[PDB]
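Read the single chain below, which is given as structure tokens and is the form deposited in one PDB entry.
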């Protein structure tokens, strides 16, 4: 049966099933006020699928100059063509190689650059913005988005959306690496998975993905979306409540010291965006500091809602295209205020 919603993370995460249900706000706002993330499924069924393919981005924009990041060692690959990234998105035989002769796991940095998405891709802009869930919160002029209504005493988000494009992590060693390291944002955000590319050449890579989800602490209902419904999993997230951010900073200062980093007692390991919490570190956070988070698998067409102030990290299972929009809900406006 069609149903309005269900629960993940053993009841701790709301999952809305109909992205355009006009009554979603009633269920959403109860969870959102408590500082929780929310998942909305099915957004891919609302979009023009031909606008979100890697081959179309390579054909239309392939001659632009860009920088990449090597996800395994954070090395910057400077001033290459964006087709050099797109043409290896799914075909492993076409990826840029490290010295060891292995194909690299790459992230496309700051593309489209700054606030230029709308100018560069006006048809993609319209398709996304007209189909975002919880539109009173998420549209630029929504009634419950305070972004355009606040004075300079508040940090306001840039004009969006922002595209996040990166290959999937592959090996057992890659299990400890982030696509996006642990960080927090002073605005709210909605992050939509618009394409998942499952490769070929080294295709048969299905089983290290299951051990990553299992060891990542994914709940039993989330494991059923793979095995029972054959949906395409894109990325494993860990999200922590904003109230737990200082306890996470205490753990990371202790670990940085144990690893011989030489840091002042007040430095901010979350703002530095230098850490990925692997299975060892997530268990230490729980046991030693009493902090529990949310382990979320984002499938094709899932929209993840990330509360302002909430520390979060992302680990791509397969090659992903994500598009995100920032907003300022009244529930979380305290996180962007510049005083006390």
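Numbering follows the first chain given and starts at 1.
The following text describes the form solved in complex with a small molecule, which does not appear among the structures shown.
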query	finding
4.5 angstroms heavy atom contact with the small molecule in the deposited complex for residue 249	yes
The small molecule contact at residue 146 in the deposited complex, heavy atom, 4.5 Å	no
Contact of residue 309 with the small molecule in the deposited complex (heavy atom, 4.5 Å)	yes
Residue 186, heavy atom within 4.5 angstroms of the small molecule in the deposited complex	yes
Which of 133-141, 178-186, 254-262, 115-123 sits within 4.5 Å of the small molecule in the deposited complex, heavy atom basis	178-186
